[PDB]
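1. Show me the folded form of this:
(one chain, ligands or ions: 5)
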Amino acid sequence: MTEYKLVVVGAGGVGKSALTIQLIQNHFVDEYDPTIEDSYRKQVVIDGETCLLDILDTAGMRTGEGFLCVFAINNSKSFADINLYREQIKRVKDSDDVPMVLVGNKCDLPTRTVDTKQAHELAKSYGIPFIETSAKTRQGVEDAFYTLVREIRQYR
Ligand SMILES: Nc1nc2c(ncn2[C@@H]2O[C@H](COP(=O)(O)OP(=O)(O)O)[C@@H](O)[C@H]2O)c(=O)[nH]1
Ligand SMILES: [Mg+2]
Ligand SMILES: [Mg+2]
Ligand SMILES: [Mg+2]
Ligand SMILES: [Mg+2]
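-> Numbers count the residues shown, from 1 in each chain. Ligands and ions are numbered 1, 2, ... in the order given. Provided below are the atomic coordinates:
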């Protein structure tokens, strides 16, 4: 079956692990050791297609085929840091055309300090999709990962 190597990047505490575990294990982690970096695998169906996802949950690469660049909507600094991660990815892949998706996580929270204009304008600056997620409620989580897969499909 088709295989896709995904990588989740972003500042500490944004929800990289929570997003990954919601996808892989279907549950929300209220805490997850910020030092655990691992790959997590799952056979899934995306748009009817059976495939294998291999997801690298990073902690603060070269074989990654698509990247989620994650910030938290209640963490301005995490948004500022997105550019460092995007550039890291461009360098590690030696390419400007790497599939990626901008993810604004923790959208369940009312304490928003990165607005929807900021996020949408950044995504337009990168020419990539922006997806609002909550690892807590599961809103957007499949959409974020699967959109990335569809970006890899396009790229292939
Ligand atoms: N309210 C809320 N909290 C979240 C969400 N995603 C992650 N968290 C919490 O934010 C903290 C850091 O998440 P974690 O996945 O460890 O972030 P990482 O350092 O990027 O892996 C944890 O306490 C999570 O339970 C979310 O969508 N909403
Ligand atoms: Mg983590
Ligand atoms: Mg491992
Ligand atoms: Mg099918
Ligand atoms: Mg502001």
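2. any idea which helix or strand carries the spatially most central residue of the chain?
-> Residue closest to the average C-alpha location in the chain (CA atoms, centre = their mean): residue 68, at 2.6 Å. Assigning secondary structure by DSSP states H and E places residue 68 in strand 66-72.
3. Quick one: name whatever helix or strand follows that strand.
-> Sequence order places helix 76-92 as the next helix or strand after strand 66-72, per DSSP H and E.
4. Would you mark the buried spots in that following helix?
-> Neighbour-count burial for helix 76-92, counted by 16 or more other CB atoms under 10 Å, picks out 78-79, 81-82, 85-86, 89. The way it works is simple: take the backbone N, C-alpha and C, and place the C-beta from them, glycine included.
5. Same question for stretch 124-144.
-> For stretch 124-144, the neighbour count (16+ other CB under 10 Å) marks 126, 128-136, 139-141, 144 as buried.
6. Leaving out chain neighbours, which residue sits closest to residue 15?
-> Of all residues not flanking residue 15 in the chain, residue 105 sits nearest, at 4.1 Å (CB to CB, 6 or more residues apart in numbering).
7. what pairs with the one you found across the strands?
-> Judged by DSSP bridges, the bridge partners of residue 105 are residue 72.
8. how much space between it and residue 25?
-> The gap separating residue 105 from residue 25 is 17 Å, by CB to CB, to the nearest Å.
9. which of the two has more neighbours?
-> Just comparing residue 105 and residue 25: by other CB atoms under 10 Å the higher neighbour count belongs to residue 105, 29 against 11.
10. now the strands for the chain?
-> 2-10, 38-46, 49-57, 66-72, 100-105, 130-132 (DSSP state E).
11. Please export the C-alpha coordinates of the strand holding residue 68 as PDB.
-> Taking Å, rounded to 0.1, in the frame of the first residue of the first chain, the C-alpha atoms of strand 66-72 are listed here in PDB:
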ATOM      1  CA  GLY A  66       5.400  16.400   4.400                       C
ATOM      2  CA  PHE A  67       5.500  18.600   7.500                       C
ATOM      3  CA  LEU A  68       2.900  20.100   9.800                       C
ATOM      4  CA  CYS A  69       4.200  23.500  11.200                       C
ATOM      5  CA  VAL A  70       2.200  23.900  14.400                       C
ATOM      6  CA  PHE A  71       1.600  26.900  16.600                       C
ATOM      7  CA  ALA A  72      -0.900  27.500  19.400                       C
END
